[PDB]
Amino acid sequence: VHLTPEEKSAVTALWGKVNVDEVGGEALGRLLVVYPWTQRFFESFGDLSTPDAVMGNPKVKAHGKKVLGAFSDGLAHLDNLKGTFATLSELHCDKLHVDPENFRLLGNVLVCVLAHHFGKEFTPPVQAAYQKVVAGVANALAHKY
């Protein structure tokens, strides 16, 4: 990423307001709902047949919290995402076989979720800093493929 100092503060300031548990489940559920093809990795999660089935599924919720947890850590090492995510990159590739495009879809969903949550506070320029961030994470996650 190429984050100006002031882009870095704006990311961090807003992130302080986020309930990673909540946003985590929202982002992941929404992904499975807007791009149903992404459901291919979760057949063991059960019922994902309707929006309510997904959004409320205890497993989706718990998984989302995990993913966002790992993401939050990435935010404290914005200087070394590749390093931060190396073992996770290897895992997604070698074990899980997750196409890295999934990582960009989740990034976009996440940006919609932050907009949803923060309303007017998610200014054009705050969005621009988060766009750089989600792209950096997706890139870091795909680096070991």
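From 1 onward, residues are counted along the sequence shown.
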Quick note on 135 to 143 and 1 to 9: per-entry mean CA temperature factor is higher in 1 to 9
Between 72 to 80 and 24 to 32, point out the one with the higher average CA B-factor as the PDB entry records it. 72 to 80
Which one, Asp99, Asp94, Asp52, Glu43, has the peak C-alpha temperature factor per the PDB entry? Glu43
Position of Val126 among the chain's modelled residues by C-alpha B-factor, lowest, middle or highest third: lowest
Should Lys120 be placed in the lowest, middle or highest third of its chain by the C-alpha B factor in the entry? highest
